[PDB]
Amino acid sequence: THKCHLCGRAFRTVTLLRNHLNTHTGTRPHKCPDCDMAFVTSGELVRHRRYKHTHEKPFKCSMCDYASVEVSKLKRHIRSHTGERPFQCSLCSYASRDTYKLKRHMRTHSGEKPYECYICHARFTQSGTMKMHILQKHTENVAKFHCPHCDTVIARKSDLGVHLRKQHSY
């Protein structure tokens, strides 16, 4: 009906094509009055003000005081209350509570390592791992833990925990 002169994508109304072309290029007309961001549509600008400026969180959790801006988050929050596991893995028996978390799990079966350190060019599976690598291996005078019993230095908190559970038996 209304195709895109850049890709084969098609839409039914003109406003959709107008927004689709406003994504191929940076032409975000809905500008935020309280910060320096902009968006192609209004709905994208609405929530940006409710995330950062007005903190308007409509979706409430009936079990706790949690509140989310989008319903997608609450549906995910409530899963940890009921233990749901809707997203099943196709290659193993792991199930998730968030479609993107399942995408991260697949890096176990594929061996993919997208993130690499910008200093030593060492690669990792998760963006948090890399951030830790830079802290422990490329930062100067980093604070380190200390066992108050045996007087041994440990750099990571988790290592101190397992030190107490193994050597000192909690």
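Residue numbers here begin at 1 and follow the sequence given.
Higher average CA B factor in the deposited record is what I'm after, so tell me if that's 112 to 120 or 37 to 45.
Comparing 112 to 120 with 37 to 45, the higher average CA B-factor belongs to 37 to 45.
Pick between 125 to 133 and 51 to 59: the one whose mean CA B-factor in the entry is higher.
Looking at the record's C-alpha B-factors, the answer is 51 to 59.
Per the entry's values, where does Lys31 land by CA temperature factor relative to the rest of its chain, in the lowest, middle or highest third?
For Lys31, whose C-alpha B-factor we compare with every modelled residue in the chain, the answer is the highest third.
Considering only modelled residues of the same chain, in which third does the CA B-factor of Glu70 rank: lowest, middle or highest?
For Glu70, whose C-alpha B-factor we compare with every modelled residue in the chain, the answer is the lowest third.
By the record's CA B-factor, is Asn19 among the lowest, middle or highest third of residues in the chain?
Middle third.
Quick check on the deposited entry: does the C-alpha B-factor of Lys144 sit in the lowest, middle or highest third of its chain?
Highest third of the chain for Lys144's C-alpha B-factor.
Would you check the entry's CA temperature factor for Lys157 and let me know if it's in the chain's lowest, middle or highest third?
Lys157: CA B-factor falls in the middle third of its chain.
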